[PDB]
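Notes follow the structure.
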Amino acid sequence: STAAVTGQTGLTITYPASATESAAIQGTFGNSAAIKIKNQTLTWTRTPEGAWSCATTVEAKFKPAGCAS
Amino acid sequence: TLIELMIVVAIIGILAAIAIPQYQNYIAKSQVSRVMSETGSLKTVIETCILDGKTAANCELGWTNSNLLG
């Protein structure tokens, strides 16, 4: 499994090819996930300065304190 | 014969005068125990909210209406 081609369809890697774009690790739920969150996504984004942060598209009541943004 | 019917009436009167236990205690105890369990189920979410630092309005309760108003 490489960044360009991962072994799972539910995991996507956006790799920076230049010094001005951001990196991303996105995971879409499914398979054994609950039906309510069956197609939501959770992403870890890294700014060009090297700062990591987490975002999620699920409802607020399901969000852990880490990805409350 | 008359005596047989009188014995039947006496038996009916004996059966009708059976002592009834105070069944209110059982029902009340069961209802109080059910409300106990229902209200104690919220301890998990309340404790997680408190330990997470959330405010009162930001704590999401998974409460469903209880027919005992407990």
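The way I read the labels, and the way they are meant: chains A, B, ... in the order of the structure tokens, residue 1 as the first residue of every chain, and ligand 1 as the first ligand shown, with later ones counted on from there.
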| said: Taking only C-alpha atoms into account, find every residue of chain B that has an atom no more than 9 Å from chain A, and write it out as a PyMOL selection string. | reply: chain B and resi 52+58-60
| query | Which polymer residues have any atom within 12 Å of an atom of range 25-32 of chain A, counting only C-alpha atoms, with same-chain residues fewer than 2 positions away left out, as a PyMOL selection string? | reply | chain A and resi 3-4+6+8-16+22-23+34-46+52-58
| query | From the set B:45, B:35, B:3, B:19, which residue has the shortest atom-to-atom contact distance to residue 65 in chain B, counting only C-alpha atoms? | reply |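 Closest candidate: B:35.
As for CA of residue 22 in chain B and CA of residue 70 in chain B, they are spaced 23.7 Å apart.
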